[PDB]
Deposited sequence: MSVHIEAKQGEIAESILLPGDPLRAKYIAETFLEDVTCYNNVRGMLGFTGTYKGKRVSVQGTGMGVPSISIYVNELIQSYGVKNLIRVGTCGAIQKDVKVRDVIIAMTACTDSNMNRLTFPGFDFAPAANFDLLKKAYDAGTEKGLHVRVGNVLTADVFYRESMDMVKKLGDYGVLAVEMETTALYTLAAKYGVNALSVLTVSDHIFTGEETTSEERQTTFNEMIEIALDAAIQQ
């Protein structure tokens, strides 16, 4: 495809989607066997290998709705990908959310215009695939993680001049802020495929220090993927 140099068939139907391509490399090296690298265009590493005997891929997305939209469109439309699980970081914005919590996004709020363009006059609420959500939730519960299922903010603007609205969203239960989920969930819904975002809380708005938790999160995402 335009931004992925893989041949047809090189990318598995289930894929993990970190924002950081170097985390894709870490995931492939740490968890997968029989690994190949199918992409290095723009340094946006993608790998395919096996986990517990099942073929799976891991693909960096970059940061922000426009970047992840490119990769997700290409993966779905050009490579036949069916199960897409973002594995990322986020910043807590609700008072009771703690560093190293795992957040499974049911839905996402956004300051992006991407859905207002598509659905003028409407507020589109992008929704997780419930099947994947339940699988990841059950896996994380079994593994003994602090898992929080709820709402997140997908932000275009990492550095805001005013945080009043972000605080207000936290007052309405929005758990954390990240930069991808609205696009992943919307595009998966568009194409009738299955998406989920699983996030580790890395800081509070108002990699080795979370490597163990991060590993456990990757494990439940892979678990939900290989089912």
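From the N-terminus onward, what segments of the deposited sequence lack any C-alpha atom in this model? Deposited residues absent from the model fall in 1, 208 to 213, 235.
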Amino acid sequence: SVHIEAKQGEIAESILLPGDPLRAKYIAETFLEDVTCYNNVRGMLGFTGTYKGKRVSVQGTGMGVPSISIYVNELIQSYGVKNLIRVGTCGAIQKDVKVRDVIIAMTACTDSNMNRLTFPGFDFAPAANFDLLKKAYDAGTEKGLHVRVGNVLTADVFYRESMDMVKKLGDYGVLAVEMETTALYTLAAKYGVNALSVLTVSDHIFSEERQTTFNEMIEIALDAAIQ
From here on, numbers count along this sequence of modelled residues.
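Mean C-alpha B-factor higher for 140 to 148, or for 100 to 108? Per the PDB entry, the higher value belongs to 140 to 148.
Mean C-alpha B-factor higher for 182 to 190, or for 154 to 162? Taking the mean C-alpha B-factor of 182 to 190 and of 154 to 162, the larger value falls to 154 to 162.
Highest CA temperature factor in the entry: which of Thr61, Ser197, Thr200, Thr30? Among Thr61, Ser197, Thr200, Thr30, the PDB entry lists the largest C-alpha B-factor for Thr30.
Could you tell me which one of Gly46, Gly170, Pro66, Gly53 shows the highest CA temperature factor in the PDB record? Within the set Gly46, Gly170, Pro66, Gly53, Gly53 shows the top C-alpha B-factor.
For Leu22, does the deposited CA B-factor place it in the lowest, middle or highest third of the chain? Answer is middle: the recorded C-alpha B-factor places it there.
According to the PDB entry, is the CA B factor of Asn73 in the bottom, middle or top third of its chain, that is, lowest, middle or highest? Tercile = lowest for this residue's CA B-factor.
Which third of the chain does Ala12 land in by C-alpha B-factor: lowest, middle or highest? For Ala12, whose C-alpha B-factor we compare with every modelled residue in the chain, the answer is the middle third.
Based on the deposited C-alpha B factors for this chain, I'd like to know if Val41 is in the lowest, middle or highest third. According to the entry, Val41 has a C-alpha B-factor in the chain's middle third.
Taking the chain's C-alpha temperature factors as the reference, tell me which third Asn113 falls into: lowest, middle or highest. For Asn113, the deposited C-alpha B-factor lands in the lowest third.
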